[PDB]
Structure formats: structure tokens, C-alpha cells
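These notes concern the structure reproduced below.
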Amino acid sequence: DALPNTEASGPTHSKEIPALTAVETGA
Amino acid sequence: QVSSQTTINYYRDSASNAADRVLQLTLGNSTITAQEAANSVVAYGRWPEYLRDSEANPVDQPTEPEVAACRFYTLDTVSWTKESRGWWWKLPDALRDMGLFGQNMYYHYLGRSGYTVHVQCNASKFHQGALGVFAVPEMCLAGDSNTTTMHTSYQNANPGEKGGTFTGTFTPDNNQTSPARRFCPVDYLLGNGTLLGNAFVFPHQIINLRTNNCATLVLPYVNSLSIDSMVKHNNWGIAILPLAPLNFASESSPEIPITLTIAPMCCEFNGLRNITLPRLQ
Amino acid sequence: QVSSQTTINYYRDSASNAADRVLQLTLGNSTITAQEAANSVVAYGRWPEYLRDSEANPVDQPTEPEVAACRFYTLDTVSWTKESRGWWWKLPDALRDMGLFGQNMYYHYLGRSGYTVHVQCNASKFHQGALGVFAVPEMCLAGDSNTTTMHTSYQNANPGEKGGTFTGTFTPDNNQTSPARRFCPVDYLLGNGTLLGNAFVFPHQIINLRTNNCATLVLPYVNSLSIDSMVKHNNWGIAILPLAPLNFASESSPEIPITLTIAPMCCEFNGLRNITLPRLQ
Amino acid sequence: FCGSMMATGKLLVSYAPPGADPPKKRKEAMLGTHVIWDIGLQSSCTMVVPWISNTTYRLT
């Protein structure tokens, strides 16, 4: 199977902050 | 032409006529996060843009580094002791020995660029203080000698990334043999000779330790010229002054560090040649 | 499957199956002209191209300097005396202290680039000689010690822009205490151990002083890897060997200078970080 | 960050590809990939180390 394609990206200025998470949950 | 309250033009030449907390921003390979940053200021409501040919003075093909120069460089850190009056860094003179941006600005004759300045300073809920960060355009500063005017030297007027400081009280450079040719900007006068209170006319933010610990400023490229030499003319200037002094738990020696992270945006260059090797020390 | 002169595959894995004179070219702010250049060689008939995502190994956004690095840098000049055997410059190791290309290749981890090499050497109608310029890919060279193999050092195997020279006769590095770890490529063997006569299999041109005074080679990016470190791996290598010795008016001391002008083309970089500061002397 | 709730600060998590001096000061680390982790409320931070390699695979 062809693994997912590494899609393109550019500069962003949003507030979603996906980088920060919480490891306390089991996900 | 009968205008409302007979206007006839008699001269061909025109001159003769009559009269919110959360933030995360990525530039290149650099990312900045701040969970308690009180939104951003797009200075003068203009996002940095590449030079448009409609207002293009030079002809040479422009070299845009893009990712290699539009990164977040963290300048040195400075301690905000209780008895500290302020600091000032001129741009792009600060980013002169920062990565490839310094190389590009020294190699290329003409260069324009916007900036994204992120001022970071965090304190506990038990700390008490407030900074004001102003992006002064064309920021001039007063000299130290009352016997001469505009006598400051290139080396002293361009500290680099180390930045400068505001002095509490003026002190003339009485040495008449070898004048220091050094800036002596009084803190409350802001250096220019104006008043600090009015300094809020400039693009600005306030880092109030009770509310927010960061300040973001998107500074466009403002200049009388579409593109200008970066080694001579310092377009903007960041001035950080503590509006209210630091205080903590009745302790007379509280220190917290303040950091700057500047990212050139839409930086363009022209006129490549031998590399400038200026005298700075 | 009944193929022409019954082929049945029994194993799932595939490995188990059975078996012209005038030229003017502009790169960036640099222009090259030559009125008696005998056309150009697009080595292997492939023009340099930017990395295509269909064959892209890394993910990081690539920094393409474009005009600031795709310029013609003129390496130092070398005298072609009568008793001179040849010269060799490895690329991009030659363009390591040339403008912003050196800075980009030292700062960035991975980097790919094609080249345009223009070899210039002009002589009067009364001069007699002929050079051969070969763009050897993966150009290796033999060591100087017969007591060890692959013992050459980084400093000696990467002369820089100064280049190297071919020696007429082999001479072992008999010093067993502190071996020189230095290349000793014999001229007619081409260094690799092959023969010079066959060296024409490589992309090549001949600068025959009677006919042409220039040689242009457009070298694409050939490598087992789509992108590779530029400070470790030297993709190409230019070798200039005089096929017929210089001669002029029965004069036993004729000299003419040979110059190289190399222009990176479609150069891309990835993986920015602290700047490499290698040991070279 | 397994610390107290009143412990606030920031950290720099940097990835620098090979081929140069390993970072030993914050001055050199920032030049590579980096992420600034705020320890205010969320206790965790993710740095996605991208795939930078000349070869398509790396030996173990």
C-alpha cells in the first residue's frame, strides 16, 4: 500500500495550536 | 467649474492650482507558540508585501531568500531588574549577524523587508509589572553632546543584536577632546525629545504580566523609498520601556528575562556585489 | 503467458522472477560571451531541473536561492606552461567560498544543484595546443600510499577553488610515520586507474586553440540520491588535461592562462541549522 | 511537564540535521528546526521530526 502522501504546507497564523496536546488522556 | 460651498485654473502646472490569548505562527522552519498572547498588531493595518512592479524603481531581478531568511531569530535575552529603564533595538541592524539574512543584506545593495516581532516575557501570577513595546518608525535618538548635533558615529548608533538602553537622566558628553559620539536617550522623553505618554501613537502593545506574557507586532515596510539600502537606513525600531516597575512579594531584587524573536517577512534584495565589511568596533 | 522466441511466475516476490562559434548566456546578474565557442554539451542530454515531488525524499520546504546563487563564479586562473599535465576541480567543493552559494551549502544540510561550466582559454593563430575538459561524475582519485587504501584526508581531497593537479609519474608516500594522505593521480591514468583515451566516455569537450577558445558543459545533477549532503559528497568533477602540448614560434617557454566560470543551476537546499565550520587546513 | 500548576515557563525543542557541529547553546539550536513549548496550561508538546535524508532509508 502507498503510504499517505506528504501534502504541502506553508506559513500559518491560526489559533488551532495542534502542536500542543495533553498526554494525560490515553490517545 | 462652479463648485459648491467659480474655480478656473489659469496655470498649466498643477503646483500652481489652489488648495485571543492563544497564538501559534509559523515562518519557514521556525514556529512560535504562546498560550497567553493578547492578539497581534498589524502596524498601520498593512501586511508586508513583495514589491509590486507598479511602484518599482530598480530594474534588476530581485533575490527573495524566502524560507532561508524569513525565519524567527531570537535575539539575546535581557534582565528586567527593578531599576531598569528600557531597551531599544534598531531594525534590520539587529539582524545583521543572524543567519543568511545578514549575508544577503551585506551582499545586496538595496533591500526591503517587513518584520514580525514577538516579545516574550513571562511571570508568575504573583509578579507585578507592565512593559510597553513600541515599533518606532524612522526611530532617531538624541546625541550626548550639547556642543554638536548629529554627531553620533555609525558604530555606536548600530549596536547590533545587543541593543541599547534608555538612561534615567541626561548627561552631556563633556569630553571635548575625543567625543564619545554616543546616544544618550532619556527614558521618559523616549530619546527623540518627545514625551513617552504620547508614544502610543506608534504601533504598540503592552505586556501586562497579570494578563499577557507576549506581544506580537507585524511591521510592514514603511519608507519614503520603495527599496533602500539596509546597511545605512534602519527603517523601524523597537523600544521596550517598563510602564510600571517590576515587583514581587515585597522582594527588592526581582528579575525576569525578556526575549525578542524577529522574523523578516517578504524580504527582497537587489544590486549584488562585493560584500560590505563595515567598521563596527 | 506464452511468449515468442510458457512463462509462468510461481513466486509472489518480483525478485524471484526470471530475466555554432557564437555564444552568449546569462545566469542571474552574470553574462558570459564567447565569439569562438564550439557549441555546448548538455551532459547526458539532461538539462538541470528542480526536484519534482514525484521523486522527493525529504519533506522540508526547499530554499532555492535562485538569482543569488545561480551566478557565474570565475575560479582562479592557471598557467598552461608547456610542461603541465592537467588540473582537476571537484564540485560543488570548488564553490564553497564563492558568494552566497557557499553560505547556503554550509548552512543547509542537504543540497542538490546542476552546473554550467565555461572553460576559457584563448591563444593566437600562431599558437599550437589542445585541451580536453571532462566532467567526471563521482570522480574518485587514487591515493599516494601503497600500504593503505582509501586513506586520503578531507582537507587534501577537497582543495577548494585552488584545484588539484595531475602528476606525470606515480610516487608512493613512503613516509610511514605521518602519511600525507594526499591524492597522487597519474595524468594518463586519469587518477581513477583507467586510461585517458577512454575518458571520452564522460561528458567532455575539446578546446583546440586552432578552432575554439571556449568549452561549455551543462552538467545535470546525477546521484544515487535525489538530494544529498554537499559538504560530504562531491557529485561531479572537472578534469582539464592537455591532449597536445602547448607550442608557439619554436619558443620553449610559452604560457597561456586557463580560467573556469562555474554557475550553479536549479540549486535547491533543505535542512537548515547551525553553520558547518569544517577543518580544511 | 510533570510539575506544579503554578510552574510556568518556556522551552525550546530543537532538531538539527547532521553534517555540522552538534548544538551546544541555544544560539546554534534555533537555526535548525525548533518549537517553542509554553508550559502554562497544557502539559505536553509535540515536535514532529520531519524526514530529512539523502538516502530513502536509514540503517538501524
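Ligands are numbered from 1 in the order shown, residues from 1 within each chain, and chains are lettered A, B, ... in the order they appear in the C-alpha cells.
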Residue 19 in chain D: which residues within 10 Å, counting only C-alpha atoms, same-chain residues fewer than 4 positions away excluded, as JSON, numbers by chain?
{"C": [106, 107, 108, 109, 110, 229, 230, 231, 232, 273, 274, 275, 276, 277, 278]}
Using C-alpha atoms, can you write the selected residues to a file as a short mmCIF file (atom, residue, chain, number, x, y, z; two decimals), in the first residue's frame?
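Saved file result_35.cif follows:
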data_model
loop_
_atom_site.label_atom_id
_atom_site.label_comp_id
_atom_site.auth_asym_id
_atom_site.auth_seq_id
_atom_site.Cartn_x
_atom_site.Cartn_y
_atom_site.Cartn_z
CA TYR C 106 27.22 25.21 4.62
CA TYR C 107 24.03 26.27 6.41
CA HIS C 108 21.70 23.75 4.76
CA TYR C 109 22.16 20.04 5.41
CA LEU C 110 21.00 18.62 2.07
CA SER C 229 24.83 16.45 1.54
CA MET C 230 27.04 18.90 -0.35
CA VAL C 231 29.81 19.07 2.27
CA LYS C 232 30.45 15.30 2.12
CA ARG C 273 20.72 24.52 11.06
CA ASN C 274 23.91 25.78 12.66
CA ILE C 275 26.52 26.50 10.02
CA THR C 276 29.12 23.87 9.17
CA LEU C 277 32.63 25.05 10.07
CA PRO C 278 34.83 22.27 8.65
#
With 12 Å as the limit and counting only C-alpha atoms, what residues in chain C lie close to chain A? Please list them as a PyMOL selection string.
chain C and resi 53-62
Considering only C-alpha atoms, tabulate each residue of chain B that lies at most 9 Å from chain C along with its nearest interatomic pair and the corresponding distance in Å to one decimal; arrange the rows by chain and ascending residue number and present them as a Markdown table.
| residue | atom | partner | partner_atom | distance |
| --- | --- | --- | --- | --- |
| B:28 | CA | C:61 | CA | 7.6 |
| B:29 | CA | C:272 | CA | 7.9 |
| B:60 | CA | C:29 | CA | 7.9 |
| B:61 | CA | C:28 | CA | 7.6 |
| B:62 | CA | C:67 | CA | 7.7 |
| B:63 | CA | C:67 | CA | 5.7 |
| B:64 | CA | C:65 | CA | 7.5 |
| B:65 | CA | C:65 | CA | 5.9 |
| B:66 | CA | C:63 | CA | 7.1 |
| B:67 | CA | C:63 | CA | 5.7 |
| B:68 | CA | C:63 | CA | 5.9 |
| B:99 | CA | C:107 | CA | 8.2 |
| B:100 | CA | C:103 | CA | 7.4 |
| B:103 | CA | C:100 | CA | 7.4 |
| B:104 | CA | C:100 | CA | 7.6 |
| B:107 | CA | C:99 | CA | 8.2 |
| B:271 | CA | C:29 | CA | 8.8 |
| B:272 | CA | C:68 | CA | 7.8 |
| B:274 | CA | C:99 | CA | 8.6 |
| B:275 | CA | C:99 | CA | 8.4 |
Close residues, range 35-51 of chain B itself excluded, 10 Å, only C-alpha atoms, min 6 positions apart in chain, as a PyMOL selection string
(chain A and resi 15+17+20) or (chain B and resi 20-24+57+62+64+112-120+122+135+202-208+211-222+226-227+264-268) or (chain D and resi 37-42)
Sorted per-residue table, chain D near chain C, closest atoms and distance, 8 Å, only C-alpha atoms, as CSV:
residue,atom,partner,partner_atom,distance
D:16,CA,C:273,CA,5.6
D:17,CA,C:271,CA,6.2
D:18,CA,C:109,CA,6.7
D:19,CA,C:109,CA,6.3
D:20,CA,C:276,CA,4.5
D:21,CA,C:276,CA,6.5
D:23,CA,C:274,CA,7.3
D:28,CA,C:274,CA,5.1
D:29,CA,C:274,CA,6.7
D:30,CA,C:273,CA,7.4
D:31,CA,C:273,CA,4.3
D:32,CA,C:273,CA,3.6
D:33,CA,C:273,CA,7.2
D:50,CA,C:59,CA,6.4
D:51,CA,C:58,CA,5.2
D:52,CA,C:58,CA,4.6
D:53,CA,C:58,CA,6.1
D:54,CA,C:228,CA,4.4
D:55,CA,C:225,CA,5.9
D:56,CA,C:57,CA,6.1
Mind dumping the selected residues with C-alpha atoms as a compact mmCIF listing (two decimals), in the first residue's frame?
# COMPACT_ATOMS: atom_id res chain seq x y z
CA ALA D 16 19.26 19.93 13.83
CA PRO D 17 20.02 17.61 10.88
CA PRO D 18 23.53 16.14 10.73
CA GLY D 19 26.61 17.43 8.95
CA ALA D 20 27.66 20.22 11.33
CA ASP D 21 28.68 20.87 14.91
CA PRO D 23 24.16 22.24 19.06
CA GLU D 28 23.00 27.35 17.41
CA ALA D 29 19.94 25.18 18.07
CA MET D 30 17.38 27.71 16.85
CA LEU D 31 18.93 27.74 13.38
CA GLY D 32 17.59 24.23 12.81
CA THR D 33 14.03 23.08 13.23
CA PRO D 50 10.49 15.51 9.62
CA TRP D 51 12.11 13.07 7.19
CA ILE D 52 15.34 14.74 6.07
CA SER D 53 17.61 12.16 4.47
CA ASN D 54 19.79 11.82 1.39
CA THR D 55 19.03 8.09 1.25
CA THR D 56 15.45 6.85 1.02
If we count only C-alpha atoms, which residues of chain D reach to within 9 Å of chain A? Please list them as a VMD selection string.
chain D and resid 35 37 to 38 42 to 48
I need the strand (DSSP E or B) residues of chain D per DSSP on the backbone, written as a list in words.
residues 10, 11, 12, 13, 14, 15, 33, 34, 35, 36, 37 and 38 of chain D
Alpha helix (DSSP H) residues, from DSSP on the backbone, in range 118-160 of chain C, as an NGL selection string
:C and (154-157)
Next, the residues of the selection above should be written as an mmCIF file, in the first residue's frame with C-alpha atoms.
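Wrote result04.cif, looks like this:
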data_model
loop_
_atom_site.group_PDB
_atom_site.id
_atom_site.type_symbol
_atom_site.label_atom_id
_atom_site.label_comp_id
_atom_site.auth_asym_id
_atom_site.auth_seq_id
_atom_site.Cartn_x
_atom_site.Cartn_y
_atom_site.Cartn_z
ATOM 1 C CA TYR C 154 39.168 15.504 3.881
ATOM 2 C CA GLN C 155 41.483 18.518 3.742
ATOM 3 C CA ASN C 156 43.615 17.148 0.901
ATOM 4 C CA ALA C 157 40.745 15.621 -1.102
#
At a cut-off of 12 Å, using only C-alpha atoms, what residues contact residue 195 in chain B? Leave out same-chain residues fewer than 6 positions from it and give the result as a ChimeraX atom specification.
/B:185-189,201
Name the residues in contact with residue 91 in chain B at a cut-off of 8 Å, using only C-alpha atoms, excluding same-chain residues fewer than 2 positions from it; report them as a PDB file with N, CA and C atoms, in the first residue's frame.
ATOM      1  N   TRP B  89      16.188  48.282  20.083  1.00  0.00           N
ATOM      2  CA  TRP B  89      16.898  47.601  19.008  1.00  0.00           C
ATOM      3  C   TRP B  89      16.438  48.166  17.674  1.00  0.00           C
ATOM      4  N   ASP B  93      19.175  46.472  11.508  1.00  0.00           N
ATOM      5  CA  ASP B  93      20.528  46.444  12.046  1.00  0.00           C
ATOM      6  C   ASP B  93      20.700  45.338  13.076  1.00  0.00           C
ATOM      7  N   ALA B  94      19.617  44.932  13.740  1.00  0.00           N
ATOM      8  CA  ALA B  94      19.716  43.834  14.696  1.00  0.00           C
ATOM      9  C   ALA B  94      19.999  42.514  13.990  1.00  0.00           C
ATOM     10  N   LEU B  95      19.320  42.259  12.876  1.00  0.00           N
ATOM     11  CA  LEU B  95      19.509  41.029  12.110  1.00  0.00           C
ATOM     12  C   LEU B  95      20.608  41.191  11.067  1.00  0.00           C
ATOM     13  N   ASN B 234      18.013  52.414   8.840  1.00  0.00           N
ATOM     14  CA  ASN B 234      17.290  51.489   9.705  1.00  0.00           C
ATOM     15  C   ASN B 234      15.827  51.914   9.726  1.00  0.00           C
ATOM     16  N   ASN B 235      14.979  51.154   9.032  1.00  0.00           N
ATOM     17  CA  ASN B 235      13.598  51.577   8.821  1.00  0.00           C
ATOM     18  C   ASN B 235      12.854  51.716  10.143  1.00  0.00           C
ATOM     19  N   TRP B 236      12.693  50.613  10.864  1.00  0.00           N
ATOM     20  CA  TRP B 236      11.916  50.586  12.089  1.00  0.00           C
ATOM     21  C   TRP B 236      12.832  50.704  13.302  1.00  0.00           C
ATOM     22  N   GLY B 237      12.240  50.591  14.485  1.00  0.00           N
ATOM     23  CA  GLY B 237      12.989  50.490  15.718  1.00  0.00           C
ATOM     24  C   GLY B 237      12.085  50.059  16.852  1.00  0.00           C
ATOM     25  N   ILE B 238      12.489  49.035  17.591  1.00  0.00           N
ATOM     26  CA  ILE B 238      11.703  48.509  18.697  1.00  0.00           C
ATOM     27  C   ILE B 238      12.209  49.138  19.983  1.00  0.00           C
TER      28      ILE B 238
END
In terms of only C-alpha atoms, the residue from D:36, D:13, D:2, D:7 at minimal distance from residue 49 in chain D is D:13
Can you tell me how far CA of residue 144 in chain C sits from CA of residue 243 in chain C, in Å to one decimal?
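So the two atoms, CA of residue 144 in chain C and CA of residue 243 in chain C, lie 24.2 Å apart.
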